Amino acid sequence: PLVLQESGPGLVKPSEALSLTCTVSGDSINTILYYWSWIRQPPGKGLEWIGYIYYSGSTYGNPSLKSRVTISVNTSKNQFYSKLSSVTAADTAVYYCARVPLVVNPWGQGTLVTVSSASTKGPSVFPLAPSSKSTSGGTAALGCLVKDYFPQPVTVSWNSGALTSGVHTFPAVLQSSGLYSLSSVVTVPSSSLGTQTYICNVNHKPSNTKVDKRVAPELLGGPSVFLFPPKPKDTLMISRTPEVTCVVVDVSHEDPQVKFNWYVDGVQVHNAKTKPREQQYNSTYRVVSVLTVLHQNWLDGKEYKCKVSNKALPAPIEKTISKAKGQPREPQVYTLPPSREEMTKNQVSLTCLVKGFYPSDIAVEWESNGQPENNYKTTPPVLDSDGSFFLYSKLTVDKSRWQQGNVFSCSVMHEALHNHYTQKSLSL
Amino acid sequence: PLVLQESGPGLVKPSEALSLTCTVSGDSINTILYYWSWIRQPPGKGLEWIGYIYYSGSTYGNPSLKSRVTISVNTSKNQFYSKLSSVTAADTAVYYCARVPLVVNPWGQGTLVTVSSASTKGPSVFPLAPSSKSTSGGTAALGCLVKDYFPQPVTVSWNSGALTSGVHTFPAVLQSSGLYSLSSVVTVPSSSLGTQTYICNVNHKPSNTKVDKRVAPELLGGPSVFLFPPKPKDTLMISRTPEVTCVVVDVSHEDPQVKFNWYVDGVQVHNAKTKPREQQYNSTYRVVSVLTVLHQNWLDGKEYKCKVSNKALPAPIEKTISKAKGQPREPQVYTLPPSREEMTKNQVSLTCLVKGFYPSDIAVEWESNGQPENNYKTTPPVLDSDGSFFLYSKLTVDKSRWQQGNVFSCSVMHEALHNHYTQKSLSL
Amino acid sequence: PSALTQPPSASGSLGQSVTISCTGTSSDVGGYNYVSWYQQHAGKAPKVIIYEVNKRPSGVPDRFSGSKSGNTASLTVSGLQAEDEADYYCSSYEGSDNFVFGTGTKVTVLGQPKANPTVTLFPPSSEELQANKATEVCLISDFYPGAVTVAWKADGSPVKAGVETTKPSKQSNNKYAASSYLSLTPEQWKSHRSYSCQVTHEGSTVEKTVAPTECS
Amino acid sequence: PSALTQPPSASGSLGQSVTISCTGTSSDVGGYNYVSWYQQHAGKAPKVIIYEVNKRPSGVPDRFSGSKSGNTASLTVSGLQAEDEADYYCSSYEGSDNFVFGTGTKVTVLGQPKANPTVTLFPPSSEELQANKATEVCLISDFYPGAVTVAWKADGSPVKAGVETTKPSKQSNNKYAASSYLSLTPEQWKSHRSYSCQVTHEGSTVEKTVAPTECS
Ligand SMILES: *[C@@H]1O[C@H](CO[C@H]2O[C@@H](C)[C@@H](O)[C@@H](O)[C@@H]2O)[C@@H](O[C@@H]2O[C@H](CO)[C@@H](O[C@@H]3O[C@H](CO[C@H]4O[C@H](CO)[C@@H](O)[C@H](O)[C@@H]4O[C@@H]4O[C@H](CO)[C@@H](O[C@@H]5O[C@H](CO)[C@H](O)[C@H](O[C@]6(C(=O)O)C[C@H](O)[C@@H](NC(C)=O)[C@H]([C@H](O)[C@H](O)CO)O6)[C@H]5O)[C@H](O)[C@H]4NC(C)=O)[C@@H](O)[C@H](O[C@H]4O[C@@H](CO)[C@@H](O)[C@H](O)[C@@H]4O[C@@H]4O[C@H](CO)[C@@H](O)[C@H](O)[C@H]4NC(C)=O)[C@@H]3O)[C@H](O)[C@H]2NC(C)=O)[C@H](O)[C@H]1NC(C)=O
Ligand SMILES: *[C@@H]1O[C@H](CO[C@H]2O[C@@H](C)[C@@H](O)[C@@H](O)[C@@H]2O)[C@@H](O[C@@H]2O[C@H](CO)[C@@H](O[C@@H]3O[C@H](CO[C@H]4O[C@H](CO)[C@@H](O)[C@H](O)[C@@H]4O[C@@H]4O[C@H](CO)[C@@H](O[C@@H]5O[C@H](CO)[C@H](O)[C@H](O[C@]6(C(=O)O)C[C@H](O)[C@@H](NC(C)=O)[C@H]([C@H](O)[C@H](O)CO)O6)[C@H]5O)[C@H](O)[C@H]4NC(C)=O)[C@@H](O)[C@H](O[C@H]4O[C@@H](CO)[C@@H](O)[C@H](O)[C@@H]4O[C@@H]4O[C@H](CO)[C@@H](O)[C@H](O)[C@H]4NC(C)=O)[C@@H]3O)[C@H](O)[C@H]2NC(C)=O)[C@H](O)[C@H]1NC(C)=O
């Protein structure tokens with residue numbers, strides 16, 4: 001790698017002498033191969049060429065600085081020379097050691113030719129710390145930046161000075177006050193953020209200030225709860241065991257810890273044999289918390305609750321296993337056959353009304369004969385006109401199979417009915 | 001109110017003299033009306049009576065302290081007297097000024113008779129700060145408590161010393177070290193917590209330590225999101241305006257601030273005419289954020305997203321308006337009449353199959369004739385066998401109205417069909 | 001002098017009749033019919049339930065039937081409740097003014113389990129923070145043995161100086177309670193984010209805090 | 001001495017042919033056929049696109065057709081892209097070694113809007129916190145006027161001392177940038193929970209922070 005770096009600086013006042021210079025390490029030339037240039041930029045203006053030199057034998061200087069300039073070299077020592085004699089009021093510029101290729105493209109650091117004495121005092125620091133709001137693709141850019149110095153070059157080093165992959169040490173400023181401010185970004189993977197420690201670590205030897213600082217990103221998660229029935233055969237059977245259950249889902253993997261509170265009645269049961277379990281679901285968990293119920297308490301009009309408290313939830317999601325108020329009702333279970341215009345179709349379908357019911361504690365089904373059937377859709381009921389509930393059940397079969405004389409039985413397992421089940425039955 | 005409070009204390013060593021006393025303010029007696037007692041409790045034992053006196057004229061002292069004791073009074077000055085002469089090794093007890101009713105029930109403060117010199121040094125403090133986990137009814141109890149002192153009485157005052165409603169200054173201890181620790185609870189309304197500032201504010205004048213501290217409770221809230229279709233007549237019409245919408249619900253009232261991010265494609269649209277609105281729903285809000293769509297972009301296979309970020313959500317709920325993959329399908333729209341066994345019923349019902357479809361971008365309906373009908377339930381479809389979707393639609397009417405010859409029309413507005421609508425039609 | 005000799009304990013089931021006694025000394029139970037049964041609840045001083053051999057005032061119910069036969073005076077609390085777990089004792093006069101009072105009977109409804117309340121954590125006050133001091137403390141209230149320990153943390157690790165932890169004894173509900181404190185200056189509290197406190201008590205050992213973190 | 005006289009600006013629509021020029025001085029454009037067109041992107045030094053009157057190297061495409069007629073040398077960037085917004089300029093030799101270089105042409109694709117990047121907030125280092133000091137700062141980077149302001153807060157309220165805010169000038173993308181700092185000792189940072197900083201810049205005024213609170 002090539003470097004070009006200048007010396008001789010200070011601030012001085014017109015009618016006496018200053019000698020500037022530039023040394024190079026990592027590419028050959030000085031004068032021998034190509035040429036060299038020196039530029040100047042006044043504070044508020046841009047770039048103007050001040051001289052040229054060749055292989056060794058032709059130095060031509062600018063009509064401002066003509067007859068005046070001397071742009072010389074020291075080939076064997078690889079160093080450059082700018083000894084001049086009368087830099088007046090306006091000549092105070094940003095002089096930089098400009099190697100040539102085919103025109104003037106390798107940039108030095110340069111050293112300032114300025115006019116009457118001067119000071120040297122302090123920097124400090126700034127870390128561009130990244131916005132969660134996403135830019136496109138696998139791009140993420142965070143940073144560092146350094147503020148308010150006097151003398152320039154600095155040593156802005158990333159993660160003590162290592163990780164110069166996706167780094168753009170963004171360029172400096174020389175303020176209207178006379179001060180300084182630059183940046184230094186880290187343009188690496190978005191996933192590799194949070195997963196790793198990144199540190200901005202500066203140093204300034206013109207005064208004495210050194211520094212160090214980090215990173216983090218963000219995205220989706222915040223859970224859901226639900227509460228569930230005991231089976232009605234578990235509750236009606238004196239010998240089989242009922243239970244109320246509290247599923248908490250969407251938990252997370254960065255906030256597991258799901259605590260429960262259990263109120264059988266208003267008075268805390270606390271315990272009974274409430275049993276949770278946290279198991280590795282898709283990229284979160286499924287937690288199944290489990291109360292034990294003695295039949296009667298359900299049947300003697302009891303109120304239940306599960307106040308789920310996880311840290312990912314600022315405020316604990318309560319849920320009452322609450323039944324509803326009432327009308328009687330026992331479903332108006334009448335299955336129905338097709339519109340005749342489906343015997344002009346390879347595939348028929350079958351209905352099963354279950355209207356007129358209160359609670360919405362429904363469990364319809366279908367069959368072919370002793371074994372079940374696979375193709376069905378069941379409506380999860382609408383609160384009716386005369387203050388009841390109703391639904392419709394499907395069985396998507398074949399006309400060919402229908403006229404073979406198949407015995408489809410819409411098994412229903414809803415409530416103020418006889419065997420906590422009633423089955424209406426259908427065929428042609 | 002009555003007070004009884006004792007003096008004369010210290011620690012001294014057997015074979016010389018101590019004179020204890022008790023003065024009262026807020027009830028009459030001393031000797032004249034009733035009687036007075038003095039007790040003693042050794043460190044590790046309980047209560048034993050040491051003497052008695054009447055109206056004025058009969059002082060009887062204990063067989064331990066008989067012939068020994070003198071329990072006397074000063075009626076006019078309202079003060080009591082215990083001048084005694086030989087409290088040996090075991091006599092060092094918790095002596096307290098015990099007024100009598102019918103037996104020995106108003107408790108003084110008492111002053112300790114102890115044995116050989118003693119010190120006096122420091123307390124400090126403890127605030128019972130309440131558990132969110134609920135106790136039954138409109139009960140809530142928080143507190144304060146004071147620790148590690150030498151000399152006793154203290155001034156534990158609640159909310160600079162005011163709010164002596166539901167306060168139980170819970171009783172003290174005299175430790176095995178010789179030290180002290182008591183409590184002071186605030187048993188007021190549960191709702192009035194968070195809503196108000198409560199302060200525990202102690203003071204001890206035996207040494208010099210004073211103090212002050214507060215309270216808070218907890219319960220439910222943490223939001224939900226959803227994303228919604230443009231109307232297909234808005235998208236198919238070059239002249240009518242389509243749009244994708246992001247409803248965020250369950251927001252809260254303690255965390256309003258819902259920010260959105262909008263990616264039409266992967267590249268942020270940022271803006272378009274995305275318009276939110278926060279309006280006072282039930283005890284939270286409903287926020288309706290609103291993108292503007294030029295038809296074509298939907299139709300030219302575009303991906304959409306709404307990354308909803310509220311503070312009540314640690315991690316931002318993203319949702320992609322994503323369509324699905326494909327099979328063709330255009331619903332197998334065949335409405336069906338009853339099972340004949342419903343003309344033995346005052347009320348009939350009607351079916352409407354819509355099977356065989358891909359997307360689940362369904363919009364079925366019903367009618368009576370030109371005007372709609374009120375009683376219907378529609379299944380939100382099941383992913384079929386041959387890789388399709390299917391549902392069932394109801395219309396709960398009367399047999400009487402059916403045999404009058406009513407023209408029920410199951411209007412469907414699902415998709416790979418002709419008028420982005422097809423209607424199958426049914427009657428008897 | 002005389003202690004009125006009471007049965008030491010007596011037990012009854014819920015829905016049973018519990019009897020208690022009291023054997024005198026002439027000048028008291030036997031002398032007069034002025035025998036006085038009381039009911040004390042562990043926290044305060046005794047209430048009045050029976051005096052003068054079945055002579056009761058107001059508030060107290062029909063259930064309490066107490067009298068005297070021989071010089072064994074009796075109290076019968078029939079059809080008992082969960083309310084009646086208290087310290088019941090006999091009393092009586094002596095003449096002129098004085099009276100003798102009983103040695104106690106503990107009435108039980110049949111069968112018994114365990115119970116627990118609080119160990120908090122607290123900072124200084126601004127009354128001391130003013131003229132250089134930060135005295136913190138650690139409270140271990142209520143238990144039944146007289147044997148508890150304490151120890152602290154300061155950013156999670158073992159501390160070793162300036163903490164005075166001292167031994168437990170009895171309250172007005174006759175359970176023992178404990179004391180501790182550690183003393184630093186403003187600066188050392190200001191440098192420290194945490195102070196966690198760890199008590200123990202017979203295998204029930206604790207690293208405590210109600211605290212949901214410390215922050216702002 | 002001589003500046004090669006270029007058209008000052010030139011504009012084209014996307015899908016149009018843009019031409020640029022360069023009027024010499026004998027010893028350069030007119031002398032030799034060695035006329036050199038360049039393309040500079042505001043952040044770094046110039047790249048090579050054309051030299052020797054339509055003689056180009058590698059990487060650069062078919063689109064760039066540049067040559068010379070009379071002493072007005074020309075560059076034509078046909079069928080332009082959004083990539084081509086850059087500082088294009090002519091050059092040429094003089095003899096022996098020297099060369100004269102152009103005064104620039106700004107090529108535009110037709111029509112233009114506004115843009116904004118960053119103002120952060122930072123504490124001290126532990127390199128100074130060690131031997132008593134807490135020097136904080138406030139950075140107002142990049143804008144186009146040379147007129148910005150700054151002011152701070154410390155727990156939300158107006159501060160008045162020890163802050164050195166000083167005036168903005170040009171960068172390598174030729175936009176101005178600013179500086180500020182305030183100096184306290186460990187103790188005064190340690191007492192203070194917040195330090196918020198407020199810049200302004202021509203009606204675009206700021207009370208900033210990326211910070212999601214301050215805590216632990
Ligand atoms: C993740 O994940 C996913 C995906 O992935 C997956 O995949 C697969 C394939 C695989 O792979 C795996 O792994 C993976 O993972 C997803 O997630 C998701 O998400 C979503 C959204 O986002 C959500 O949602 C939620 O959820 C819910 C649910 O529910 C249910 O259902 C389903 C279907 O069916 C299922 O599955 C689930 O789970 C559930 O279930 C349930 O559960 C429970 C528990 O777990 C159960 O129970 C039970 O039972 C019985 C009783 O009852 C039995 O018994 C048992 O056991 C016991 C008891 O019980 O207890 C034990 C004991 O101990 C005993 N005992 C004695 C006595 O002894 C016994 C035994 O038995 C012995 O043996 C005797 O001897 O027992 C139990 O366990 C139950 O059953 C079940 N259920 C049924 C039904 O069946 C849903 O639903 C929801 O919603 C809601 O929302 C919320 C919010 O935010 C709120 O607001 C509310 O809740 C709502 O709602 C409403 O409500 C009302 C009232 O309130 C009602 O009624 C209505 O209707 C409603 N409505 C509506 C409309 O809704 C939520 O949303 C979730 O989270 C998840 N999941 C799912 C499934 O979905 C995601 O994305 C992923 N990702 C990541 C990245 O991460
Ligand atoms: C509170 O509240 C409540 C109670 O209360 C109440 O009551 C009442 C009576 C009254 O009083 C009131 O006030 C109150 O408040 C409650 O709350 C609740 O909660 C729950 C639970 O917890 C929840 O849930 C959630 O949600 C959701 C919902 O959704 C829907 O639906 C419903 C029914 O229908 C409704 O209502 C709602 O809202 C919704 O709706 C929607 O919305 C939207 C917005 O807002 C709309 O849109 C629209 O449209 C169109 C378009 O498209 C139009 O257009 C408009 O406008 C516009 C636009 O658009 O844009 C504007 C613009 O600008 C323009 N443009 C242009 C171009 O120009 C235009 C215009 O038009 C012009 O004119 C032209 O010219 O436009 C818009 O706006 C839509 O439409 C609607 N929709 C419909 C459908 O229709 C549910 O759903 C959910 O769930 C889910 O879950 C989650 C979680 O956590 C997740 O995971 C997910 O999402 C799930 O799911 C799933 O998913 C999938 C996909 O992904 C699907 O597909 C499936 O299916 C599913 N599944 C399932 C199963 O689900 C959630 O959960 C909530 O939150 C609430 N709400 C409700 C309703 O529910 C509570 O509790 C209370 N409390 C307290 C204490 O606070």
# chains A, B, ... in the order shown; residues from 1 in each chain; ligands from 1
$ closest_atom_pairs --of "chain A" --to "ligand 1" --cutoff "7 Å" --atoms "only C-alpha atoms and all ligand atoms" --output "tab-separated table"
residue	atom	partner	partner_atom_place_in_ligand_line	distance
A:223	CA	ligand 1	94 (O)	6.6
A:224	CA	ligand 1	94 (O)	4.0
A:225	CA	ligand 1	98 (O)	5.4
A:226	CA	ligand 1	98 (O)	4.2
A:227	CA	ligand 1	98 (O)	6.8
A:228	CA	ligand 1	52 (O)	5.4
A:229	CA	ligand 1	52 (O)	4.6
A:230	CA	ligand 1	52 (O)	3.8
A:231	CA	ligand 1	52 (O)	5.9
A:241	CA	ligand 1	67 (C)	4.4
A:242	CA	ligand 1	67 (C)	5.0
A:243	CA	ligand 1	60 (O)	4.6
A:244	CA	ligand 1	52 (O)	5.1
A:245	CA	ligand 1	47 (O)	5.0
A:246	CA	ligand 1	44 (C)	5.6
A:247	CA	ligand 1	44 (C)	4.4
A:248	CA	ligand 1	118 (O)	6.9
A:249	CA	ligand 1	118 (O)	4.0
A:250	CA	ligand 1	118 (O)	4.5
A:252	CA	ligand 1	130 (O)	6.5
A:273	CA	ligand 1	63 (O)	6.2
A:274	CA	ligand 1	63 (O)	6.7
A:275	CA	ligand 1	63 (O)	6.3
A:281	CA	ligand 1	15 (O)	3.9
A:282	CA	ligand 1	15 (O)	3.9
A:283	CA	ligand 1	130 (O)	4.3
A:284	CA	ligand 1	130 (O)	4.3
A:287	CA	ligand 1	45 (O)	6.6
A:288	CA	ligand 1	45 (O)	4.2
A:289	CA	ligand 1	44 (C)	6.8
A:290	CA	ligand 1	60 (O)	3.9
A:291	CA	ligand 1	60 (O)	4.9
A:292	CA	ligand 1	67 (C)	4.1
A:293	CA	ligand 1	67 (C)	5.8
A:319	CA	ligand 1	105 (O)	6.7
$ interface_residues --of "chain B" --to "chain C" --cutoff "8 Å" --atoms "only C-alpha atoms" --output "PyMOL selection string"
chain B and resi 35+52-54+58+60+62-63+105-107+124-129+131+147-148+171-181+209-212
$ select_by_dssp --residues "segment 21-175 of chain C" --states "strand (DSSP E)" --output "PyMOL selection string"
chain C and resi 21-23+37-40+47-50+64-69+72-78+87-89+91-95+98-101+105-109+119-122+134-140+149-153+163-166
$ interface_residues --of "chain B" --to "chain A" --cutoff "9 Å" --atoms "only C-alpha atoms" --output "PyMOL selection string"
chain B and resi 133-137+218-223+261+266-268+312-318+334-342+349-351+353+355+374-382+384-385+390-394+396+426
$ interface_residues --of "chain D" --to "chain C" --cutoff "9 Å" --atoms "only C-alpha atoms" --output "list in words"
residues 190, 191, 193, 214, 215 and 216 of chain D
$ closest_residue --among "B:132, B:21, B:320, B:208" --to "ligand 2" --atoms "only C-alpha atoms and all ligand atoms"
B:320
$ select_by_dssp --residues "segment 252-299 of chain B" --states "helix (DSSP H, G or I)" --output "ChimeraX atom specification"
/B:296-299
$ decode --residues "segment 259-286 of chain A" --atoms "N, CA and C atoms" --output "CSV table (one decimal), in the first residue's frame"
chain,number,residue,atom,x,y,z
A,259,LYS,N,-45.4,-17.4,34.6
A,259,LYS,CA,-46.0,-17.6,35.9
A,259,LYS,C,-47.5,-17.5,35.7
A,260,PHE,N,-48.2,-18.2,36.5
A,260,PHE,CA,-49.7,-18.4,36.5
A,260,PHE,C,-50.2,-18.0,37.9
A,261,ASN,N,-51.5,-17.6,37.9
A,261,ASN,CA,-52.2,-17.3,39.2
A,261,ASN,C,-53.6,-18.0,38.9
A,262,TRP,N,-54.1,-18.7,39.9
A,262,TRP,CA,-55.3,-19.5,39.8
A,262,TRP,C,-56.3,-19.3,40.8
A,263,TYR,N,-57.4,-18.6,40.4
A,263,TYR,CA,-58.5,-18.4,41.3
A,263,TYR,C,-59.7,-19.3,41.0
A,264,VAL,N,-59.8,-20.4,41.7
A,264,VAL,CA,-61.1,-21.1,41.9
A,264,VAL,C,-61.5,-20.4,43.2
A,265,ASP,N,-62.7,-19.8,42.7
A,265,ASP,CA,-63.6,-18.7,42.9
A,265,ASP,C,-63.3,-17.2,43.0
A,266,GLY,N,-62.7,-16.7,44.0
A,266,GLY,CA,-62.1,-15.3,44.2
A,266,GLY,C,-60.9,-15.5,45.1
A,267,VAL,N,-61.1,-16.6,45.8
A,267,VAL,CA,-60.2,-17.3,46.8
A,267,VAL,C,-59.3,-18.1,46.0
A,268,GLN,N,-58.0,-17.9,46.3
A,268,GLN,CA,-57.0,-18.6,45.5
A,268,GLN,C,-56.9,-20.0,46.0
A,269,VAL,N,-57.0,-21.0,45.1
A,269,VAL,CA,-56.9,-22.4,45.2
A,269,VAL,C,-55.4,-22.6,45.4
A,270,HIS,N,-54.6,-21.8,44.7
A,270,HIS,CA,-53.2,-21.6,44.6
A,270,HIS,C,-52.5,-22.6,43.7
A,271,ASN,N,-52.8,-23.8,44.2
A,271,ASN,CA,-52.2,-25.1,43.8
A,271,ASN,C,-53.2,-26.0,43.0
A,272,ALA,N,-53.8,-26.9,43.7
A,272,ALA,CA,-54.5,-28.1,43.3
A,272,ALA,C,-53.4,-28.9,42.6
A,273,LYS,N,-53.4,-29.3,41.4
A,273,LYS,CA,-52.3,-30.0,40.8
A,273,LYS,C,-52.0,-29.3,39.4
A,274,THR,N,-52.1,-28.0,39.5
A,274,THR,CA,-51.7,-27.0,38.4
A,274,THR,C,-50.3,-27.3,38.0
A,275,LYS,N,-50.2,-27.8,36.8
A,275,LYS,CA,-48.9,-28.2,36.2
A,275,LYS,C,-48.6,-27.6,34.9
A,276,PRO,N,-47.6,-26.6,34.7
A,276,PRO,CA,-47.2,-26.1,33.5
A,276,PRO,C,-46.2,-27.0,32.8
A,277,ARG,N,-45.8,-26.6,31.5
A,277,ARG,CA,-44.7,-27.2,30.7
A,277,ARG,C,-44.5,-26.4,29.5
A,278,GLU,N,-43.2,-26.0,29.4
A,278,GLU,CA,-42.5,-25.2,28.5
A,278,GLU,C,-41.8,-26.1,27.4
A,279,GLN,N,-42.4,-26.3,26.2
A,279,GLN,CA,-41.7,-27.1,25.2
A,279,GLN,C,-41.5,-26.4,23.9
A,280,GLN,N,-40.3,-26.7,23.4
A,280,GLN,CA,-39.8,-26.1,22.2
A,280,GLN,C,-40.6,-26.2,21.0
A,281,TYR,N,-41.4,-25.2,20.8
A,281,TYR,CA,-42.3,-25.1,19.6
A,281,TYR,C,-41.6,-24.2,18.7
A,282,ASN,N,-42.1,-24.1,17.4
A,282,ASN,CA,-41.5,-23.5,16.2
A,282,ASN,C,-40.3,-22.5,16.1
A,283,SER,N,-40.2,-21.7,17.1
A,283,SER,CA,-39.2,-20.7,17.5
A,283,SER,C,-39.7,-20.0,18.8
A,284,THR,N,-40.7,-20.5,19.5
A,284,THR,CA,-41.2,-20.0,20.8
A,284,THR,C,-41.4,-21.3,21.6
A,285,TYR,N,-42.5,-21.4,22.5
A,285,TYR,CA,-42.8,-22.6,23.3
A,285,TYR,C,-44.4,-22.6,23.3
A,286,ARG,N,-44.8,-23.7,24.0
A,286,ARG,CA,-46.2,-23.9,24.2
A,286,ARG,C,-46.2,-24.3,25.7
